[PDB]
Amino acid sequence: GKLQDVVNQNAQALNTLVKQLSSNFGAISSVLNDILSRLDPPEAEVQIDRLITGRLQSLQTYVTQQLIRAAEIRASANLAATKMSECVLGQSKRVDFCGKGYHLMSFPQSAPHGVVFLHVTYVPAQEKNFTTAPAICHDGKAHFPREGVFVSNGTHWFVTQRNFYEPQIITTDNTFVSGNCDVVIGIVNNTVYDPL
Amino acid sequence: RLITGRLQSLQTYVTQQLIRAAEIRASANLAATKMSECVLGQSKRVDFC
Amino acid sequence: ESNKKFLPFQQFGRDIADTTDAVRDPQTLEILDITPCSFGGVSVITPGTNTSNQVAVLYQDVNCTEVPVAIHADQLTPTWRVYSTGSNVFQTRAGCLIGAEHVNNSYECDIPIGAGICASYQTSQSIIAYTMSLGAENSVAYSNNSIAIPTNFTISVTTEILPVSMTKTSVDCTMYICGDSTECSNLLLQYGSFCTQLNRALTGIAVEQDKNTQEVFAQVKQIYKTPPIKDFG
Amino acid sequence: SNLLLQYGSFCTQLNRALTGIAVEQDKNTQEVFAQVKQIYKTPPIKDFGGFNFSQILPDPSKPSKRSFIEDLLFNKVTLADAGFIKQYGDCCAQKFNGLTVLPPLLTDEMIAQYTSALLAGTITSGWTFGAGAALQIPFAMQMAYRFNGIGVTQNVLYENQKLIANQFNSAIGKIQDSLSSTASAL
Amino acid sequence: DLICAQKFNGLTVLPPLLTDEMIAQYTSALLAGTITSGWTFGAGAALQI
Amino acid sequence: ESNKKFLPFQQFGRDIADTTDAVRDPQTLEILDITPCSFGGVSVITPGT
Ligand SMILES: *[C@@H]1O[C@H](CO)[C@@H](O[C@@H]2O[C@H](CO)[C@@H](O)[C@H](O)[C@H]2NC(C)=O)[C@H](O)[C@H]1NC(C)=O
Ligand SMILES: *[C@@H]1O[C@H](CO)[C@@H](O[C@@H]2O[C@H](CO)[C@@H](O)[C@H](O)[C@H]2NC(C)=O)[C@H](O)[C@H]1NC(C)=O
Ligand SMILES: *[C@@H]1O[C@H](CO)[C@@H](O[C@@H]2O[C@H](CO)[C@@H](O)[C@H](O)[C@H]2NC(C)=O)[C@H](O)[C@H]1NC(C)=O
Ligand SMILES: *[C@@H]1O[C@H](CO)[C@@H](O[C@@H]2O[C@H](CO)[C@@H](O)[C@H](O)[C@H]2NC(C)=O)[C@H](O)[C@H]1NC(C)=O
Ligand SMILES: *[C@@H]1O[C@H](CO)[C@@H](O[C@@H]2O[C@H](CO)[C@@H](O)[C@H](O)[C@H]2NC(C)=O)[C@H](O)[C@H]1NC(C)=O
Ligand SMILES: *[C@@H]1O[C@H](CO)[C@@H](O)[C@H](O)[C@H]1NC(C)=O
Ligand SMILES: *[C@@H]1O[C@H](CO)[C@@H](O)[C@H](O)[C@H]1NC(C)=O
Ligand SMILES: *[C@@H]1O[C@H](CO)[C@@H](O)[C@H](O)[C@H]1NC(C)=O
Ligand SMILES: *[C@@H]1O[C@H](CO)[C@@H](O)[C@H](O)[C@H]1NC(C)=O
Ligand SMILES: *[C@@H]1O[C@H](CO)[C@@H](O)[C@H](O)[C@H]1NC(C)=O
Ligand SMILES: *[C@@H]1O[C@H](CO)[C@@H](O)[C@H](O)[C@H]1NC(C)=O
């Protein structure tokens, strides 16, 4: 639809330019060959000067509205040259720039006077409720996860990544230690296993 | 004399509106990028949000 | 009848843009108001002639009891007189809509009317008018120790269309204004250089249309081929 | 009106231009505000870790379901009757010379319902509602992953949580005073 | 014997510089780089993976 | 010489811009075309002078 509306606006403007050649603008005719075959040179000038003035007006209005319309195809072609660099030749972190979801890759296809981009994205499906906690107190020390969240299936405590449920055992090689236990609002007693 | 004088004042008014409307269009495309990248996400672009 | 009090030597009043909007009658020396007789536009709502042929008509800013007399409904065709009076009369902020059925549902917008009202062709089949809906309600189960984690995913592929160039035209300025006549083209020389100015503007548009395509598509300068054995996992 | 017929179609062409401008003003609003297809509501509990969002969330004690800050903005943009939109636009009684004002498609209370669904989805979900389905997370745990995205470790949030929530609350309080003084930024 | 540059009162249409077959060769070289080499071809020489 | 298919009640033919493109001889009753003669559509390729 966005490509067809450009062809429709560029054709209404050229049909208005042809149709305005059949207006007389105050003269005795719209045909220039009938003014010239009916009037002597002094009288003819006053009639051809009305056609010249009115037809110069029609060309001037066409050209002005083509300059405004060409300035927004240039804005739209600069956006498409940015999406070719950042969505096709790279992987983008800007939200909703290349599609809907988390961007993986894009594929460029050619259309008439245009371009079509096929955005491949990642969408997260069915979810589940869990219980969570900001930190875990073990030996008078708080432990925070290195990359993930602390979840609980009801009895045990795991650590998982944020975009896929894949729970694991809380060891000292996926957490880190800082500070005391009385400073974190919501800390939870559990054990931190030691792999060595 | 009055018809061509009044057609010219309408023609001037409409051309100024087509140039102002092209500037609100550029400012509403910036506001739609700041809604997707600053409100619906967290941005790394310096001085954007 | 008005509320303004003139000074006793003033004959009529004006407003900021200098239009007459109050007058004094020269026999009983009272002040009257002037208000224009009502006008507006007539818009026709159709579902497309590949589908049906029944339409609805919107009359802008009328109050809708003035519709049969604002148009000349006694002087119109009997197939035009159906759309001035009926059971399907609805008064909105955008004007008054005649020929559509005011349901109480809410759907997505199909043909916009204004101030929150849309119109579509579903229901046999008829033309309806409804307040548009923004989307389904929802509520997130927030609490201070609850999280939701996804357990699966979905690979999605969407599509985005962008215009890049447009049609390159050119006008021969002398042949449009007066083709082949040589006593006209001697009169066109008295208007200065308007034909070199128009050709110069239209040429710069056409050259830009080719620069628009170089910057989108011609970003790499090696022409890679794809291998014949397509083992892409 | 019969001498005007000699100038061809200069007036179906001027009305065609002002209608493309008017159709485009409605596409501008749906581009900005209509970016979610679910209308989220915020829960009646307000345990947001100590962060106080009462001035930007809507209150039901008004017919216009706008926030407190959204109402200082609406009583600040005005007109000194300097032209013609005050003579026709905001209502009508018609004006002379064939000049009208058309109403927008989304009303002012439809736009405020859109910006309360973006606020309720940020506070309760984080960024997940803009990429799929909204998955809830506590607000202090959400703020620790935004510290982690600027290069500060997440124990700096939890150890300074009461101080961080106090600096935020006093900074929303100064937005009002910069919008209650008459020296308007609008 | 149709010369119809002079048949529409001066109005013509100029042809584009890149044909529709040259544009389709550009978009297949962009795919033949993404699929075989990732994002490395947009920052240097293409390295397969 | 034209091969337009007139009817026996015609003196000339027209097009969209209301210009005469075909006419009939008032003696031999023969339909012939009219087409202009300038050919202004001429471009000049050059290096510098
Ligand atoms: C929570 O997860 C733990 C860890 O897997 C579950 O404990 C195991 O449950 C299975 C049941 O199929 C037993 O065979 C294992 O021996 C259990 N292991 C331990 C260490 O307890 C536990 O059942 C889960 N709880 C709930 C409510 O789902
Ligand atoms: C989590 O574990 C800690 C340490 O085992 C508990 O802290 C102790 O609680 C008992 C009973 O309240 C006190 O007598 C001790 O003095 C506490 N120790 C310290 C170092 O403060 C803590 O209560 C546990 N949390 C819960 C909810 O049971
Ligand atoms: C113009 O003449 C008419 C006709 O007499 C005046 O109208 C009368 O004015 C008197 C006031 O002296 C009223 O009591 C009458 O009711 C009016 N009507 C008639 C029918 O007598 C009118 O006042 C004059 N206007 C002027 C002098 O400005
Ligand atoms: C994740 O979703 C996919 C589909 O989106 C699931 O695969 C389906 O599995 C069921 C039962 O095994 C089949 O009936 C469907 O035909 C499968 N779909 C496809 C496309 O093959 C998959 O099982 C889901 N993952 C989990 C863990 O349930
Ligand atoms: C959130 O901040 C607002 C700031 O306006 C607090 O509202 C004020 O609360 C104080 C204490 O009762 C009153 O003296 C003010 O009159 C209140 N102002 C308004 C406009 O209501 C509000 O209490 C804070 N919320 C919480 C939970 O602390
Ligand atoms: C999580 O819990 C809430 C209420 O406890 C419930 O409405 C919601 O559906 C649950 N989530 C899932 C994925 O079942
Ligand atoms: C709609 O238009 C298409 C376009 O050719 C035509 O083929 C078809 O018969 C039309 N009617 C329908 C789909 O009812
Ligand atoms: C529209 O009609 C109602 C019906 O009485 C009337 O009360 C109202 O004033 C009218 N509105 C106008 C004329 O603007
Ligand atoms: C729509 O709802 C209003 C609300 O009171 C009611 O008055 C009206 O009758 C309803 N319209 C119908 C049932 O067509
Ligand atoms: C979390 O919410 C529960 C339920 O309202 C409340 O009892 C508990 O005190 C809250 N946690 C903290 C740390 O305040
Ligand atoms: C007119 O005269 C010529 C004589 O050369 C003749 O050929 C032609 O048929 C005549 N046309 C008529 C009588 O309509």
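In terms of determination method and resolution, the entry is listed under cryo-EM at 2.9 Å.

A. Inspection of the nonpolar core at higher detail. Membership of the largest hydrophobic core comes to 37 residues, with the highest contact counts inside it found for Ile48(A), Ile52(A), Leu59(A), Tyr176(C) and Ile177(C). In terms of residues, this core owes the most to one element, helix α3 (residues 41–88) of chain A, which gives 10 residues. Other than its neighbours up to four places away in sequence, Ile52(A) contacts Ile177(C), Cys184(C), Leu187(C), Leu188(C) and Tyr191(C). In this structure, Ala142(A), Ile149(C), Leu157(D) and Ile164(D) belong to the second largest nonpolar core, which totals 26 residues.

B. Structural view of the pairing of strand β7 (residues 157–160) of chain A. All names here are of chain A. What you see with β7 is no split at all: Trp157 and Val159 on one side and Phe158 and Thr160 on the other are buried throughout. As defined by bridge partners, β7 adjoins strand β8 (residues 168–169) across 2 bridges and the pair is classed as antiparallel. Bridge pairing links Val159 to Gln168 in β8.

C. Structural view of the state of the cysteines. This structure, assessed with the given rule, holds 8 disulfides over all chains. With a sulfur-sulfur separation of 2.0 Å, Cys87(A) is cross-linked through a disulfide to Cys98(A). For the disulfide bridge between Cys87(A) and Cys98(A), the dihedral angle about the S-S bond is near -85°, and by the sign convention the bridge is left-handed. Here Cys87(A) is found in helix α3, whereas its partner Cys98(A) is found in the loop between α3 and β1 (102–111), with 11 residues between them in sequence. On the basis of relative accessible area, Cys87(A) is assigned to the buried category, the value being 1%. The disulfide that involves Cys64(C) links it to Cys96(C), with 2.0 Å between the sulfurs. Here the S-S torsion is close to 60°, and the disulfide linking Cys64(C) with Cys96(C) is therefore right-handed. Here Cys96(C) lies in strand β7 (residues 96–98) and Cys64(C) lies in the loop between β5 (56–59) and α1 (67–70), a separation of 32 residues in the sequence. A relative accessible area of 11% means that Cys64(C) is categorised as buried.

D. Geometry of the side chain of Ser52(C). Tracing the backbone through its elements, the reader meets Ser52(C) in the loop between β4 (42–45) and β5. Within the structure, the side chain of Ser52(C) is placed 3.3 Å from the backbone nitrogen of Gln54(C), a separation counted as a polar contact.

E. Quick look at the interface of chain D and chain B. Between chain D and chain B, the contact holds 23 residues from the first and 22 residues from the second. Contact between chain D and chain B buries roughly 2100 Å² in total, counting both sides, with carbon and sulfur atoms accounting for 68%. Counting across the interface, chain D meets chain B through 1 salt bridge. Counting the contacts that link chain D with chain B gives 6 residue pairs in polar contact.

F. Helix α1 (residues 12–32) of chain D, seen in detail. With 21 residues, α1(D) should reach 30 Å at 1.5 Å per residue; the first-to-last C-alpha distance of 32 Å fits that figure. Residues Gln13(D), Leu14(D), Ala17(D), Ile21(D), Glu24(D), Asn28(D) and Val32(D) constitute the buried set of α1(D). In an axial view of α1(D), the angular spread of the buried residues amounts to 105°, which keeps them on one side of the axis. Facing away from the buried side of α1(D) by more than 90 degrees, the exposed set consists of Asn15(D) and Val23(D). Its buried side turned inward, α1(D) meets α1 (4–19) and α3 of chain A together with α1 (2–39) of chain B.

G. Fine view of the interface of chain A and chain C. Listed per partner, the contact involves 67 residues of chain A and 47 residues of chain C. In total, about 5600 Å² of surface goes out of reach between chain A and chain C, with carbon and sulfur atoms giving 66% of it. Taken together, the links from chain A to chain C amount to 2 salt bridges. For the salt bridge of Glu208(C) with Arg74(A), the shortest nitrogen-to-oxygen distance reads 3.5 Å. Seen at the junction of chain A and chain C, the total is 22 residue pairs in polar contact. Breaking the side of chain A that touches chain C down by element, the ones donating at least two residues are α1, α3, β2 (114–124), β3 (127–133) and β6 (149–152) of chain A. Ranked by residues supplied to the side of chain A that touches chain C, first place goes to α3(A) with 27 residues. The class makeup of the residues in the side of chain A that touches chain C is 38 nonpolar, 19 polar and 10 charged. Sheet analysis places β2(A) next to strand β14 (residues 153–163) of chain C, joined by 11 bridges and oriented antiparallel. The residue bridging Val115(A) from the neighbouring strand is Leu162(C), located in β14(C).

H. Representation of a nonpolar patch on the surface within the structure. On the surface, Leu104(A), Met105(A), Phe153(C) and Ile155(C) cluster together into a nonpolar patch covering about 340 Å² of accessible area. At the level of secondary structure, the elements contributing two or more residues to the nonpolar patch comprise β1 of chain A together with β14 of chain C. Its place among the elements puts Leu104(A) in strand β1.

I. Focus on the UniProt feature "disulfide bond" in chain D. Of the disulfides listed in UniProt, the one linking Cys91(D) with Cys92(D) is reproduced by the coordinates, which place the two sulfurs 2.0 Å apart. Since its relative accessible area comes to 56%, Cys91(D) is described here as exposed.

J. View of the arrangement of the chains. The interface with the highest contact count, out of 10 pairs of chains in contact, is the one between chains A and C. The least C-alpha distance between chain B and chain E, which are not in contact, is 21 Å. Note that chain D does not reach chain F: the shortest distance linking a C-alpha of one to a C-alpha of the other is 12 Å.

K. Layout of the side chain of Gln60(C). Looking at the element boundaries, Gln60(C) is found in the loop between β5 and α1. Side-chain polar atoms of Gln60(C) contact the side chain of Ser43(C), separated by 3.4 Å.

L. How the structure looks around the pattern of salt bridges. Counted by the stated rule, this structure contains 13 salt bridges over all chains. Taking the shortest distance from any N to any O, the salt bridge between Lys83(A) and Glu160(C) comes out at 3.3 Å. Of this pair, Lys83(A) sits in helix α3 while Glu160(C) sits in strand β14, placing the two residues on different chains. Residue class for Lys83(A) comes out buried when judged on its relative accessible area of 5%. For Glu160(C), a relative accessible area of 21% gives the class partly exposed.

M. Inspection of unusual backbone geometry at higher detail. One non-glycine residue, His113(A), adopts positive backbone phi at about 55°. Its place among the elements puts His113(A) in the loop between β1 and β2. The exposure class assigned to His113(A) is partly exposed, which follows from its relative accessible area of 36%. Not every positive phi belongs to a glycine, and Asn9(E) is a case in point at roughly 60°. Position of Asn9(E) among the secondary structure elements: in the segment before β1 (11–14).

N. Broad picture of the sheet that holds β14(C). In spatial order, the strands read β1(A)-β2(A)-β14(C); together these 3 strands make up an open sheet with antiparallel pairing. Sheet topology places β1 of chain A together with β14 of chain C at the edges, where each strand pairs with a single neighbour. Within this sheet the neighbouring strands show an average axis-to-axis angle of 20°, counted without direction. α3(A) contacts β1 and β2 of chain A together with β14 of chain C of the sheet and is inclined by roughly 150° relative to β14(C).

O. Molecular detail of the environment of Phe194(C). Positionally, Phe194(C) belongs in the loop between α2 (173–178) and α3 (195–217). Residues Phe194(C) and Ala206(C), 12 residues apart in the sequence, show an inter-C-alpha distance of 19 Å.

P. Main features of the UniProt feature "disulfide bond" in chain A. All names here are of chain A. Between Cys87 and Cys98, where UniProt places a disulfide bridge, the two sulfur atoms sit 2.0 Å from each other, close enough for the bridge to exist in this structure. A sulfur-sulfur distance of 2.0 Å is found for the UniProt-listed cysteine pair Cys137 and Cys181, consistent with formation of the disulfide (criterion: under 2.5 Å). Pair noted here: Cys137 is in strand β4 (residues 136–137) and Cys181 is in the loop between β9 (175–178) and β10 (188–189), with a separation of 44 residues, a long-range link. Taking the relative accessible area as the measure of exposure, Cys181 reaches 14% and is therefore buried.

Criteria and thresholds
- Residues numbered from 1 in each chain as written, not as in the entry; some residues may be left out.
- Chains lettered and ligands numbered in written order.
- Part of a larger assembly, values for the part shown.
- Heavy atoms only, no water.
- Core = buried A, V, L, I, M, F, W, Y, C linked by side-chain atoms within 4.5 Å.
- Buried < 20%, exposed > 50% of the residue type's maximum accessible area, 1.4 Å probe, protein only.
- Helix = DSSP H or I, 4+ residues; strand = E, 2+ residues; numbered from the N terminus.
- Contact = heavy atoms within 4.5 Å.
- Pairing = 2+ DSSP bridges.
- Disulfide = S-S within 2.5 Å.
- Polar contact = N/O pair within 3.5 Å; in protein donor to acceptor, adjacent residues only side chain to side chain.
- Buried area = accessible area lost by both parts, 1.4 Å probe.
- Salt bridge = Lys/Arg side-chain N within 4 Å of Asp/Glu carboxyl O.
- Expected span 1.5 Å × (residues − 1).
- Arc of directions from axis to C-beta.
- Nonpolar A, V, L, I, M, F, W, Y, C, P; charged D, E, K, R; others polar.
- Patch = residues over 30% accessible without salt bridge, like charges linked within 9 Å, V, L, I, M, F, W, Y side chains within 5 Å.
- Areas by Shrake-Rupley, 256 points an atom, 1.4 Å probe, with all protein chains shown as cover.
- UniProt positions renumbered as here; feature names shortened; annotations may be inferred.
- Axes fitted to C-alpha atoms, helices over the stretch in contact; angles between N-to-C directions.

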